[PDB]
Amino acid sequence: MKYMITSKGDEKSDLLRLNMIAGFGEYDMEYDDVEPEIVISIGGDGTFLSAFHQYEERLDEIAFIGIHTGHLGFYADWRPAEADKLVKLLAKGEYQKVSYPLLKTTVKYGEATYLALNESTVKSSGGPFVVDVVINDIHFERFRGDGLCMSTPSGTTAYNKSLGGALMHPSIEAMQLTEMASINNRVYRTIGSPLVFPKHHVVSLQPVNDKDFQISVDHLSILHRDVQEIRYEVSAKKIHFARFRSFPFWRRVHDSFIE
């Protein structure tokens, strides 16, 4: 089975990577980083994030796995001491696949599409940030503040959580919008609460004055110029995970934030 392994780059991860390659070397397991079926990431959730974007083109052909050499990550939920258990279980299968929803981000000018595993945010380049929020072609509010954040279900535990958003189970195919330091007075008015949109709901951001935005998708962030509208909706593509055990989402939330 075609596979590849990305590493965080430090001593702990590169050496654990060479051990698994030697472990797979005892099986009928071909290494390939062009068209792999199993993508293993070793490091942290940030390392897993780059592994997902490296192969965002053939998501349906890949099952992702993550080893955390630091603390317990949400996508990297395998201890290094369990790596040899992993190599043996990958050899044939009998494992199952688990799929999480994704977020499609479309940006039109005078058109680029992105796929986000965690979240996508919008901020203003330099000056004030004012956008008209449009939900299913109906004007909902005029936002003035620092920015907005649209999050995937599994991405709610990251930036979405720091902004007051709700943590939602990844079996729910939905997206969640949150606000950043919005102004609310007798002039400007925002909803304030986080909003959870289902499949087939389109959230569109339209500029009011300035047309340049600092848009981010996960940990890649590039300034866009002459933006006409930013379009958010739950993607039709899903990321596929290889499951060998029973690690519930709420147990991962408990271990990361409670204890």
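One rule holds for the numbers: they count along the sequence shown, beginning at 1. Under this definition, the rigid core comprises the largest set of C-alpha atoms superposing within 1.5 Å between the forms.
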message: Using the rigid core for superposition, please say which stretch has the greater CA deviation in 6 other deposited structures of this protein, 183-191 or 111-119.
response: 183-191
query: Looking at the other compared entries that model both neighbours, is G66 missing coordinates in at least a third of them?
result: no
- prompt: Counting only residues of the deposited sequence, how many between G110 and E111 have no atoms in the entry (none, 1 to 3, 4 to 9, 10 or more)?
  reply: 4 to 9
- line: Averaging the C-alpha temperature factors as deposited, the higher value of 12-20 versus 234-242 falls on 12-20
- prompt: Looking at the deposited entry, does 59-67 or 22-30 carry the larger mean Cα B-factor?
  reply: 22-30
- prompt: Which is it among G147, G155, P128, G93: the one with the largest CA B-factor in the entry?
  reply: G93
query: Going by the entry, which of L72, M180, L103, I135 has the most elevated CA B factor?
result: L72
message: Going by the CA temperature factor in the PDB record, which third of the chain does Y188 belong to: lowest, middle or highest?
response: middle
message: Test of reading the entry: by CA B factor among the chain's modelled residues, which third contains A76?
response: middle
task: Quick one: classify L117 as lowest, middle or highest third of the chain based on its Cα B-factor.
output: lowest
task: Determine, from the deposited record, the chain-internal third of the Cα B-factor for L167: lowest, middle or highest.
output: lowest
- request: Taking the values exactly as deposited, rank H201 by C-alpha B-factor within its chain and report the matching third: lowest, middle or highest.
  value: lowest
